[PDB]
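Please read the structure below before turning to the comments.
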There are 2 protein chains.
Amino acid sequence: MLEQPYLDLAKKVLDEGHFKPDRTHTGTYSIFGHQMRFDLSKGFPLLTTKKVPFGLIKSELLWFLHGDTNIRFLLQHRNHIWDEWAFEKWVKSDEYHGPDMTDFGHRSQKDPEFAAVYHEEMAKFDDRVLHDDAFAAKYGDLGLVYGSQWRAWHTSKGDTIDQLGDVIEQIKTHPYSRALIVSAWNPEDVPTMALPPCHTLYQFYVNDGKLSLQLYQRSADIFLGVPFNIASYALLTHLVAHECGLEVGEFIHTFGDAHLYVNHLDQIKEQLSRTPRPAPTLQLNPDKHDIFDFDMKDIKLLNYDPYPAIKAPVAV
Amino acid sequence: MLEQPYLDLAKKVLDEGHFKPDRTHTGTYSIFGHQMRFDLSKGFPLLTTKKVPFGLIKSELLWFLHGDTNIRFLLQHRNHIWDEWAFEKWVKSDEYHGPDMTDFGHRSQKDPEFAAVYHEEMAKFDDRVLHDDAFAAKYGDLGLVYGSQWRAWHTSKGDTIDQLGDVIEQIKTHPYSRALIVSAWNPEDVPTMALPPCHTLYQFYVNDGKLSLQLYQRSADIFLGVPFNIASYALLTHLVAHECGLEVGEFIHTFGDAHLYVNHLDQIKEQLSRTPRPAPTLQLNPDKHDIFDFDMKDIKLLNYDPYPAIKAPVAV
Ligand SMILES: O=c1ccn([C@H]2C[C@H](O)[C@@H](COP(=O)(O)O)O2)c(=O)[nH]1
Ligand SMILES: O=c1ccn([C@H]2C[C@H](O)[C@@H](COP(=O)(O)O)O2)c(=O)[nH]1
């Protein structure tokens, strides 16, 4: 079926993936360099071998698409994918008066009581970002997250470039352009970032009237990351095609360091014994065409019928 | 043999490569998305199925390595790879008093006399850049060529970053870093460039004590470009390893738009009937270690024994 390339990457890593020490304190089995591709005319590459929440994907993408850097948008749609990053800022600031929270991610993963204290504090934070406009403005704003690199690349003139909106125009005028690239990697900022963009750079290509996208990920966590990463960019490819009145082609996923955290081995294995089902089908709103103005209800997933979810530890 | 991956890309493009209109006015057969890899412990991937001038590769690389943007360095080593770009600037400037030269590349490819006039003017230019220090400084300096993007990324503070020297330090301190990336793609400059960098971005990786590099090329001309592109980055990988006291691993070559100009079909075909020979062997100077201070005589190619050269039209 459609998702086989994923399953083959997992198998691949389990076999010849070498043990390499990673930034976190968990180990990894990894390979360097891998291309994988999905034919979007065959369906949406949302894994059926485990329930992946399409909502977190759909709302996070619109977030980037709006050039939004404030977590407040995510939280209103019950998306806490980025909470961790806002919170850490809030914690080491002068206005924080409460439990230590140092190394919170590790400490919570290691202490029962702490985790509960953590969720009380993070619960407080999420309420402040939601209601206190000044708080949201001072702590919910991440600054350098995708939607900013995509839609507001700050120039040396202090100006700002809409990389994405710009390339979409070139796609409509010079479809045969071999430079329809959007990059999220800025050398001046990357050395002072908690996490440089994993999704370094992507490229569009148009031939025979159908759109294609190739993403370059410098670091991927197979079991947890990739299932989300694939759906995000396959979805981007759809929306861009919708806008450009083009047909959908292929999503090519190139990798740098593709890895599997050792604390995920049993889970990946169990998944590897499941039989892919017929991939779901995506439906974008026919009437709406400005994908920058698209909202939740304009993107639908039909016939998604996956296997139960596989819970697994997040590495630290 | 070693170069089979190249030959397979060529075969691949000839078979399912679709005809796509390109920027120039020649046509192309192309594919979007391709990974190819070479095991540098097996030898240097300099094609034996046709004589590729290692010198133009070796001297151009040192050029980039020195953060040099002035063509004057190339010309002293009889390298005219970049002349075309300096010259065009010189031509449309106030100080140019001579034959029209408009569209010179095409006009020369189309007129016998013109071509001779062209080579007289370009001969003049090359002598001025070589001897007139102010001329060299005003016309030989390209400004935004690789060695600048690599070793002097201009920041928004007007400052300058040595991307390359910086990553080499991280390789020596955090070998297991999944962010050892050097990028040559700057969104603010790319929309005002004759040719945005084809060699968009590369990534290093270290495991089991041996270095690896993966290059991402957004546009490749199989017959003419790639044979040079491969040797350039395989060589970079060697020098970086030499510096870091590491072993050499693999060169992974990912592609965006890989193409074959139709005016190269007979030539590629003829090459495809040749039988690869044993790949040559590279030797870097054992005593010298600062690769930024390396010069010609510190890099040697042993046992290179290729088939005759294949002359073919440059597309325009
Ligand atoms: O969408 C994403 C975002 C992150 N990661 C992972 C990759 C690594 O596991 C970690 C980033 O590690 P570093 O390369 O920064 O060290 O986060 C993914 O797999 N997918
Ligand atoms: O080292 C190089 C440099 C350039 N090119 C080619 C790729 C294309 O043939 C042309 C650049 O075309 P655009 O993508 O800019 O349109 O130059 C190569 O193959 N190898």
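By convention in this document, the chains of the structure tokens carry letters A, B, ... by their order, each chain's residues are numbered from 1, and ligands are numbered from 1 in the order they are shown.
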Determine, for each residue of chain B having at least one atom at most 8 Å from an atom of ligand 1, the closest pair of atoms and their separation in Å to one decimal, counting only C-alpha atoms and all ligand atoms; order by chain and ascending number, as a Markdown table.
```
| residue | atom | partner | partner_atom_place_in_ligand_line | distance |
| --- | --- | --- | --- | --- |
| B:177 | CA | ligand 1 | 16 (O) | 6.1 |
| B:178 | CA | ligand 1 | 14 (O) | 4.1 |
| B:179 | CA | ligand 1 | 14 (O) | 5.7 |
```
Residues just named, written with N, CA, C and O atoms as a PDB file, in the first residue's frame:
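As a result, out.pdb now contains:
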```pdb
ATOM      1  N   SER B 177      26.353  15.738  16.074  1.00  0.00           N
ATOM      2  CA  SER B 177      25.414  16.840  15.915  1.00  0.00           C
ATOM      3  C   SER B 177      24.637  16.646  14.629  1.00  0.00           C
ATOM      4  O   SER B 177      25.219  16.452  13.558  1.00  0.00           O
ATOM      5  N   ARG B 178      23.316  16.730  14.744  1.00  0.00           N
ATOM      6  CA  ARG B 178      22.414  16.558  13.617  1.00  0.00           C
ATOM      7  C   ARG B 178      22.083  17.887  12.968  1.00  0.00           C
ATOM      8  O   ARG B 178      21.080  18.027  12.276  1.00  0.00           O
ATOM      9  N   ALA B 179      22.975  18.853  13.152  1.00  0.00           N
ATOM     10  CA  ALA B 179      22.786  20.180  12.584  1.00  0.00           C
ATOM     11  C   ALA B 179      24.088  20.747  12.022  1.00  0.00           C
ATOM     12  O   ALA B 179      24.293  21.960  12.042  1.00  0.00           O
TER      13      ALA B 179
END
```
Applying 6 Å and only C-alpha atoms, which residues near range 304-306 of chain A remain after dropping the ones on its own chain fewer than 5 positions away? List them as a count of residues only. 5
Please provide the set of residues having any atom within 10 Å of residue 55 in chain A, restricted to only C-alpha atoms, with same-chain residues fewer than 4 positions apart removed, written as number ranges by chain. A: 59-61, 77-79, 296, 300-301
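Between CA of residue 63 in chain A and CA of residue 155 in chain A there is a distance of 22.2 Å.
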Shell of 7 Å around ligand 2 (only C-alpha atoms and all ligand atoms), written as a PyMOL selection string: (chain A and resi 177-179) or (chain B and resi 22-23+195-196+198+218-222+224-226+228-229)
Among range 114-279 of chain B, which residues carry a DSSP assignment of strand (DSSP E or B), reported as a PyMOL selection string? chain B and resi 141+153-154+160-161+181-183+201-207+210-221+247-261
Report as a PyMOL selection string the set of chain B residues whose atoms approach chain A to within 8 Å, with distances computed over only C-alpha atoms. chain B and resi 20-23+32-35+153+155-158+161+163+176-179+183+185-188+196+203+205+207+214+218-219+252+254+256-257
Go ahead and write the residues just picked, C-alpha atoms, as a PDB file, in the first residue's frame.
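New file part.pdb:
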```pdb
ATOM      1  CA  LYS B  20      10.274  19.787 -19.601  1.00  0.00           C
ATOM      2  CA  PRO B  21      10.918  23.313 -20.916  1.00  0.00           C
ATOM      3  CA  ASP B  22      13.897  24.920 -19.226  1.00  0.00           C
ATOM      4  CA  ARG B  23      15.216  28.417 -18.487  1.00  0.00           C
ATOM      5  CA  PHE B  32      12.545  15.329  -9.711  1.00  0.00           C
ATOM      6  CA  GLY B  33      14.158  13.737  -6.667  1.00  0.00           C
ATOM      7  CA  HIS B  34      17.077  11.327  -6.654  1.00  0.00           C
ATOM      8  CA  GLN B  35      19.579  10.159  -4.070  1.00  0.00           C
ATOM      9  CA  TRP B 153      27.579  35.106   5.439  1.00  0.00           C
ATOM     10  CA  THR B 155      24.367  39.188   8.959  1.00  0.00           C
ATOM     11  CA  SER B 156      21.630  41.786   9.551  1.00  0.00           C
ATOM     12  CA  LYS B 157      24.146  43.619  11.760  1.00  0.00           C
ATOM     13  CA  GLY B 158      26.287  44.032   8.668  1.00  0.00           C
ATOM     14  CA  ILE B 161      29.678  34.558   9.572  1.00  0.00           C
ATOM     15  CA  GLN B 163      29.648  29.064   8.356  1.00  0.00           C
ATOM     16  CA  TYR B 176      27.103  13.575  16.872  1.00  0.00           C
ATOM     17  CA  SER B 177      25.414  16.840  15.915  1.00  0.00           C
ATOM     18  CA  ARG B 178      22.414  16.558  13.617  1.00  0.00           C
ATOM     19  CA  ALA B 179      22.786  20.180  12.584  1.00  0.00           C
ATOM     20  CA  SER B 183      23.761  26.614   3.530  1.00  0.00           C
ATOM     21  CA  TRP B 185      20.808  29.837  -0.029  1.00  0.00           C
ATOM     22  CA  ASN B 186      19.961  33.350   1.221  1.00  0.00           C
ATOM     23  CA  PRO B 187      16.361  34.415   0.457  1.00  0.00           C
ATOM     24  CA  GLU B 188      17.142  38.151   0.401  1.00  0.00           C
ATOM     25  CA  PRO B 196      20.965  31.112  -7.421  1.00  0.00           C
ATOM     26  CA  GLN B 203      25.187  18.324   5.769  1.00  0.00           C
ATOM     27  CA  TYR B 205      27.475  13.460   9.840  1.00  0.00           C
ATOM     28  CA  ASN B 207      29.499   7.957  13.220  1.00  0.00           C
ATOM     29  CA  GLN B 214      25.116  14.823   1.843  1.00  0.00           C
ATOM     30  CA  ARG B 218      18.230  21.871  -6.776  1.00  0.00           C
ATOM     31  CA  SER B 219      19.209  21.646 -10.440  1.00  0.00           C
ATOM     32  CA  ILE B 252      25.414  11.149  -0.591  1.00  0.00           C
ATOM     33  CA  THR B 254      20.478  14.193  -3.372  1.00  0.00           C
ATOM     34  CA  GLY B 256      15.888  18.159  -7.034  1.00  0.00           C
ATOM     35  CA  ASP B 257      15.541  18.671 -10.767  1.00  0.00           C
TER      36      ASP B 257
END
```
